[PDB]
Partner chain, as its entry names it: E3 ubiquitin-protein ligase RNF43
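Given next, in structure tokens, is a single chain: the form solved without its partner chain.
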């Protein structure tokens, strides 16, 4: 498929990277394209699993982790997590 890509599509590029790499999915002109990166861009949480690592957009203030796009699942110490956002 490509460097570090274990599963790819002729249309959507990489869909599953090697376990050591992070998949970044970004939509281009009504199409989705996947890239395998050694780490995630700014504002993305580096979600890690035994079989798969993924960059999840996590532009939530005071947030430490997002399981799904822009929805916080763990706030910084001292903050209260409520419906994907963190509160003083």
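Only residues modelled in both forms are compared. Residue numbers count along the first chain shown, from 1. Rigid core (definition): largest C-alpha set, two forms, superposition within 1.5 Å.
Stretches 25 to 33 and 38 to 46 differ in mean C-alpha B factor, with the higher average recorded for 25 to 33.
In this entry, the higher average B-factor at the C-alpha atoms falls on 5 to 13, of the pair 60 to 68 and 5 to 13.
There is another form of this protein, the form solved in complex with its partner chain, and it is not shown here; the text below is about that form.
Although the partner is absent here, residue 1 sits far enough away that none of its heavy atoms falls within 4.5 Å of its partner chain in the entry with it bound.
The closest non-hydrogen atom of residue 79 lies beyond 4.5 Å of its partner chain in the entry with it bound.
None of the heavy atoms of residue 63 is located within 4.5 Å of its partner chain in the entry with it bound.
Contact annotation for 17 to 42: residues with any non-hydrogen atom within 4.5 angstroms of its partner chain in the entry with it bound are 23, 25, 27, 29, 30, 31, 32, 33, 34, listed in sequence order.
After superposition on the rigid core, the Cα atom of residue 23 is displaced by less than 2 Å between this form and the one not shown.
With the core held fixed between this form and the one not shown, residue 46 has its Cα displaced by under 2 Å. The Cα shift for residue 35 between this form and the one not shown, taken after rigid core superposition, is smaller than 2 angstroms. In the entry with it bound, the CA atoms of residue 64 and residue 41 draw together by 3 angstroms or more relative to this form. Cα-Cα spacing of residue 41 to residue 75 is reduced in the entry with it bound versus the present form (difference of at least 3 Å). Core-superposed difference between this form and the one not shown: segments of three or more residues with every CA shifted 2 Å or more are 1 to 10, 61 to 88.
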